[PDB]
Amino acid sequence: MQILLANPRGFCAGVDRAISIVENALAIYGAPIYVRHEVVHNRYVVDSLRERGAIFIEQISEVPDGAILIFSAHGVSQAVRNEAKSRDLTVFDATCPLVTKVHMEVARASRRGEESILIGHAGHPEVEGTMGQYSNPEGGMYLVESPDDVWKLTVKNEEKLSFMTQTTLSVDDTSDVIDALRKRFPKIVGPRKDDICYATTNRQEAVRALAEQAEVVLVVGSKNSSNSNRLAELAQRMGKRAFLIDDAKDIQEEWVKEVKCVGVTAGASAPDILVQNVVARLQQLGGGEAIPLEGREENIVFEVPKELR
């Protein structure tokens, strides 16, 4: 059995920065360090940080006065941010810069009382945070997940309408949503394409290349990782069996028995050691040396704030 590795895969700039923020805060201030939401959606990372004294909460009420609070990489709403500010908390923000970029646009449309539409998945923390940048009752902030949602949406003033997107969406499905938005609201304004980040686009392009070679694709990533689910989904739609797994223990022999080519990738929040362990397991199941596919070289890095270096 041949083992192929997708490239790029694994950690993106925003996840590496966010994890460093929490590690550095723990080393500087000691435990406990409060974190609003899993810093990144990865069980291995989260479980480990818990070990070192990080405490993950959903609501600011959960945090004691005098505490240190870090916002997760997914971002938070202005209401959350203000609630944190109204309290006597020391705050560090691990929101990824590429999410903050979207937030700034939503706040701008809110200040203008002009409606905005967000393409994204209801209930996800990044969508809650981005929708939570809009607070003007004169205008409006609407969420759409699909072309059908667009077909049913009505707005107050489609002459002054703009759109944004979640950073981890399917590139192909978002394209379909945007097409619908432009047919329904011909004066709608947005970025040149969407707000899907370089890491999402690159990992989806890389899994596409991987799936054209592999019969089975294993995506290292947790269940609640949006970007990771998009990678397994993409390979599945190409007709390959694809499994989203947290670690090597999740691999069932049947998935790879008599398979000549198995591919492995990882979501933006999965540490490389999990991939190494998955490769090791596939080897014990008959696989040979892991072969990295050629891919887009990534070079962006986001530094931690000076206050935490």
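One rule holds for the numbers: they count along the sequence shown, beginning at 1.
Student: When the C-alpha temperature factors are averaged for each of 93-101 and 107-115, which stretch ends up with the higher value in the entry?
Tutor: Looking at the recorded C-alpha B-factors, 107-115 comes out higher on average.
Student: Would you mind comparing 152-160 and 202-210 for me and telling me which has the higher average C-alpha temperature factor in the entry?
Tutor: Stretch with the greater average CA B-factor: 152-160.
Student: Which is it among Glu58, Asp247, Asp47, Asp272: the one with the largest CA B-factor in the entry?
Tutor: So the option with the highest C-alpha B-factor is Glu58.
Student: In terms of recorded Cα temperature factor, pick the maximum from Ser170, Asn136, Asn229, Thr167.
Tutor: Each of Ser170, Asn136, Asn229, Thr167 was compared by C-alpha B-factor; the highest is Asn136.
Student: Considering only modelled residues of the same chain, in which third does the CA B-factor of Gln284 rank: lowest, middle or highest?
Tutor: For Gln284, the deposited C-alpha B-factor lands in the highest third.
Student: Ordered by C-alpha B-factor within the chain, which third holds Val189? Give me lowest, middle or highest, please.
Tutor: Tercile = middle for this residue's CA B-factor.
Student: Looking at the C-alpha B-factor of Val22, is it in the lowest, middle or highest third of its chain?
Tutor: Lowest third, going by the recorded CA B-factors of the chain.
Student: Just say lowest, middle or highest third for the CA B-factor of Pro32 relative to the other modelled residues in its chain.
Tutor: Ranked within chain, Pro32 CA B lands in the highest tercile.
Student: How does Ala13 rank on Cα B-factor within its chain, lowest, middle or highest third?
Tutor: It falls in the bottom third of the chain.
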